[PDB]
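Two forms, one chain: they're shown below as structure tokens, one block per form, named structure 1 and structure 2.
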Structure 1
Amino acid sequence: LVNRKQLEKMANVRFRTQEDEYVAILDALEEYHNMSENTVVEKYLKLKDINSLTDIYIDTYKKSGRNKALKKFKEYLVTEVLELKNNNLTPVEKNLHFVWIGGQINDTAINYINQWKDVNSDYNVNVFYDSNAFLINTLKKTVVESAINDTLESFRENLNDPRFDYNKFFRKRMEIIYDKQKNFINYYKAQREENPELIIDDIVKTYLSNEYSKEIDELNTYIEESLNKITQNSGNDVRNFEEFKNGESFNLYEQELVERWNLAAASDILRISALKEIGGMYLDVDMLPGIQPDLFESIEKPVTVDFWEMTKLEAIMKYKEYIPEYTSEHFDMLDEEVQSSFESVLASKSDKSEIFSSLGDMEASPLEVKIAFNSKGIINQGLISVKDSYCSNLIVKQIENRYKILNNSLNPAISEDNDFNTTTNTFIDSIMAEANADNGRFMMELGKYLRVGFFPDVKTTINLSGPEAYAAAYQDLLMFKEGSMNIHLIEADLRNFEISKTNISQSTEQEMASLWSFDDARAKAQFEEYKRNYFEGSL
């Protein structure tokens, strides 16, 4: 980074009088170069102040001849941040964090987690669960099932007309789900007030028994089997995570968990707070360890980069059987001379550590959080951070600010206790009145919040708690601000924060089943299924 003398020459303008706001930049830059013995975060904060001082100058002297050179100096400040990030690394705490909240963990998740355990014996493993809220998945499934049947019964037109606009079904069902969900939220809020000793699963159990005639015995057995299964698999209770419970994200977590039944969004909120407070690597349960690099390097690749990677895992699982019931689809359809060439390489190996690589000693900048990428951009299915990294704080604050914007318009609309259509119009009108060029795309996606997970083609979660919040935090870092909305960073900027593909196998069978999202073809296939059950009088 240029020193004071170099900036003085760069920003020299013929016949320009010296300004206090200019000398303040020079003084601050000189102070930066005397900070050799400060922490990386202190140096970033000084660069941040230098950028703010440069902006003050430009805003105060809008027609100054200095501004062209000062805008170039601002570019140099960004480059210095990346230098700081790349040249001062510290050990990443050896923790693997998974999250399974809102119901019983299933065996396929355990089997994936166990692969990480088996090749990372020097890592601690946490599976965060919520001991108060094992019944949320059951509640959501029960309400939605009943709303489906109510919706089909409500129709005063012929359902199995082959040209039936099934979007009529999803629109009506949303009106009914919203009413049922509103009823539960009001019941929960009232019960919490009347008896603060009740936990979520107490209230859900009573609600399900009174409203949907569920058996309390079966719910208690479910909770006990869920607790026993999670605590035999490295479970760690969110309800003992005091830093999380006491911060400004806990109420957002419970908003998603209890009011919206969005376990994916709740897990989005929890994972980055877990990372910030403990350090290590967060993983979705459908991720697998990186494959040993030299394993299949003698086999030449015939389809695409993702397809080759997928058949690598399928080969491993066919001939080593680490995960039972793992698919062979994309492997079982290859040429034999290479298919048997896979079997041949694997026969030469006997230990899992010659198949999967280990994470080992990792290091990263105290400024950063590293994130996984796929073909569509950043994706928070894998994250790496030292404890209390600067970016992990920027990400937490991005989510909290996006929820503040959401709730400022959402909560008044809901307070009027109107129906779904009326609530939505009030909410969207309130959101649109705060939209501008900087936040317009974000505000447009926020308007679909109440539809999340009950309606096709809704992308709100990604903009609220998911990858857009990460991109915005990286922009906060590189632009010395907070509150970024519209993203100007290009892929090259974001790739400064990538997790190396050598450290994670993302093209797993479970991952593919998890990115077949609420399409229009999915909505039609679901409606066909609901019709079939309806015309046999089943749910």
Structure 2
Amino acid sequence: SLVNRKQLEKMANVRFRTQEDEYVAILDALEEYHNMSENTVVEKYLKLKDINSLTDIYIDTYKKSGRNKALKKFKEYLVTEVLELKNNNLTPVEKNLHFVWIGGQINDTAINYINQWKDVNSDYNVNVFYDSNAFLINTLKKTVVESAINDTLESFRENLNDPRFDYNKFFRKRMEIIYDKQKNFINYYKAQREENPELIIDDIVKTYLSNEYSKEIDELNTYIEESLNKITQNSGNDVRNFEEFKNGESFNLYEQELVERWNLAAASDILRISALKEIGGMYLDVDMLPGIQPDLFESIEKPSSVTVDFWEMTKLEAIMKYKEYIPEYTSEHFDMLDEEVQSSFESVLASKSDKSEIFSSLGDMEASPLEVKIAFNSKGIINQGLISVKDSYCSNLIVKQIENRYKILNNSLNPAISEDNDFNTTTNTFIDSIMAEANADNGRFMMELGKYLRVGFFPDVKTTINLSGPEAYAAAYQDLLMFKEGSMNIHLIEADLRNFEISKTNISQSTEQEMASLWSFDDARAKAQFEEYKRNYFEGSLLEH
């Protein structure tokens, strides 16, 4: 229990000192809190917030006060009490599974993963969010990148056999051309905006494609129709019918990522938290699988020399080898084990006739009205799994974190874009604005933003995580525990974040599709892509008329 008024009066006592008005305000607010049995969890949190605010006013007003040490201890007690309020007052989570697949047709691989969740959660309504207006974004991005690859290989043909023209130099020159093609597209998009705003994204994208890359609108229309038909058959839920999201102050950010940046991961980041806030339930990336029954492989000991990641992937690969639930699932880890260990997996699985004996169900989940729970890995929290009741306090804090992060980004980036200059010029203008605008609080967040323009086009560019992804979640949890909004300087450690984490039992994260990121790539994949592009040029395109 949080200290009562008598107990704080004892802690912050200063003999023969008159009670300041600001001090009595804290004592009155504390006493009111202890008499809020009839009130909601959010009302109780907002009272604690008020008490923390009144305590900060006292400390800021009377800088040298003898009460200040005890009041700073009381501030620690308020944080502890928020955690007790969070952990002790749970309400049911709406039985909704939310997935997002935007920007193009959904692959059978995504559907096969989604179907594993449906099969062991018969009691759950499933939404696969898609955007009926933007099925051609993945096609636009692929077209433009392929064009920029060809133009780079052509322009630097003479240098391609030179090892000093490495993968890094290739991606730098390609980015110059990609930025000009993206600038050409957005200067086109916003010119066309102010002709017929009753044209959907796919309509304007078809004219860019079947103008300047000579694509067949017959086949593009077929692609849209097959995409709409397929998603409609697989629990499709259209973003364009989600009115609170369309009307809200994050929709412009969604459309920025979807249409200007072609970052479907960032767009999914913005949409998923609005789906949780507005509907409640559990969000999952399409590369996530249900938790494995915790004791399924209890009888098989992990080899000492092998990583946790190797062992978790081998368990899913064993399931898919012998039960074949997901066709064409890799066995690349499982195949590294000798016949003895392989046979132990086979004999464990040979005695199970139903998927419910392999994969666990979510069942009846509960969470705090205050919180959003987040998945985690050895590197920290990750928003590939989220649980929230409808209109949770944290869902609102996360939306506002994302909005504030985009406010700061766009304030420095958008001037540069609008000055019709090339990639490197735009980059330096942007970076100069960042270093000029940086302050003590937000400084560290700034400087994580410098590579924003490169997201999806360069190896090891992860800016999305700092804007719409995990950092926004950590900052929202800091907002909740520090009774404020707009935390930019994150000091939470894993002990703090552990209170907001989804149990490992509720998600299998170590899947085949999880190892293949759709919006980022590492140096090894970059080197291999560069070798692939030179091969397809020298042995393919160069030899053609």
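All residue numbers here follow the sequence of structure 1, with the first residue given the number 1. Under this definition, the rigid core comprises the largest set of C-alpha atoms superposing within 1.5 Å between the forms.
Per-residue Cα shift between structures 1 and 2 after core alignment stays below 2 Å for all of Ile462, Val338, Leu82, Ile185 except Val338. If you fit the rigid core between structures 1 and 2, you'll see the Cα of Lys9 move by less than 2 angstroms. The Cα shift for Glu157 between structures 1 and 2, taken after rigid core superposition, is 2 angstroms or larger. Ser514: CA moves 2 Å or more between structures 1 and 2 after rigid-core fitting. Its Cα shifted by 0.5 Å, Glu498 is compared between structures 1 and 2 on a rigid core fit. Superposed on the core, the two forms differ at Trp308, whose C-alpha moves 2.1 Å between structures 1 and 2. Core-based superposition between structures 1 and 2 puts the Cα shift at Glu175 at 1.2 Å.
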